[PDB]
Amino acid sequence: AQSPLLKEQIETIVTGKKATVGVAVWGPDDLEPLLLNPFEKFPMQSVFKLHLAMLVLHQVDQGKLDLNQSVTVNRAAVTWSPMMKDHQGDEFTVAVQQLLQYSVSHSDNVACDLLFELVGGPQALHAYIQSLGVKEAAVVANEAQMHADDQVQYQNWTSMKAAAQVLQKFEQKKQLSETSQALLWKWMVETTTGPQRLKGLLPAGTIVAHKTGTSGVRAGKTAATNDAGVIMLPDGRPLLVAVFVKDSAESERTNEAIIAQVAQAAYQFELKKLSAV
């Protein structure tokens, strides 16, 4: 085993990168996640759409919302949005389910905010996340608010423990009904976002259910390049990895490679154990 050598390997991957790199790793034999930079508040960027989806699907389970329930999107009434690119015309209707797909799989910002409008907004998400017993995270703002002043993304933050905690609650399947859980997983697996992030240095065909977050480049700097998710090991057990690269001065590809490298470290460590029976 030697878990401290796993942490050693990750420190050596991060050291002397011009960024603050938060890490959580939670292997299937670990009672606790390995954390790197456990004191820092990491801007979640779109990683919070995973949280939001959990809130939405919970309310679906409660009969407060319906998956086919419909939402009138008016173009003159409402940023990154495949949903707006996909639909023609000034007004159209989308099912909640479609809103979730756009939000979780495509990081659609408009779909996200429309989902906020249904559940009681950012503070409702905030209180949801606390309800799960996850203390070290905050949601104060929706996507439109973050687009208005890019200091605002720092107000939507998680610690690495809280990143780990939300991935466990997701992976363990106890928060949602079977139908809701299966859908969230599907959206998170079938996303094409961040192919170079947790998946980047894994074997092709490795199942990774994950959610990205990426701020724009401002001031030569990148506030958040994130990826959190569940990697399926070749014994079919889960490996939770979250890597948040914050306030980085490094190239986009470097930021992404940091994530790939850490995730490959954790995965290979897990492979090595399996290799030895």
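Throughout, we count residues from 1 along the sequence that is shown.
Unmodelled residues of the deposited sequence between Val78 and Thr79: 1 to 3. Look at the C-alpha B-factors of 60-68 and of 236-244. On average they run higher in 60-68. Mean C-alpha B-factor is higher over 134-142 than over the other stretch, the pair under comparison being 134-142 and 97-105. Annotation for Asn74, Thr191, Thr206, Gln165: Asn74 ranks highest, by Cα B-factor.
If you compare the C-alpha temperature factors of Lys174, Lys186, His126, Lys161 in the entry, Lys174 comes out highest. Split the chain's modelled residues into thirds by C-alpha temperature factor. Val217 is in the highest one. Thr225 sits in the middle third of its chain by CA B factor, as recorded in the PDB entry. Split the chain's modelled residues into thirds by C-alpha temperature factor. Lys169 is in the middle one.
When the CA B factors of the chain's modelled residues are split into thirds, the value for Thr20 lands in the middle one.
When the CA B factors of the chain's modelled residues are split into thirds, the value for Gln153 lands in the highest one.
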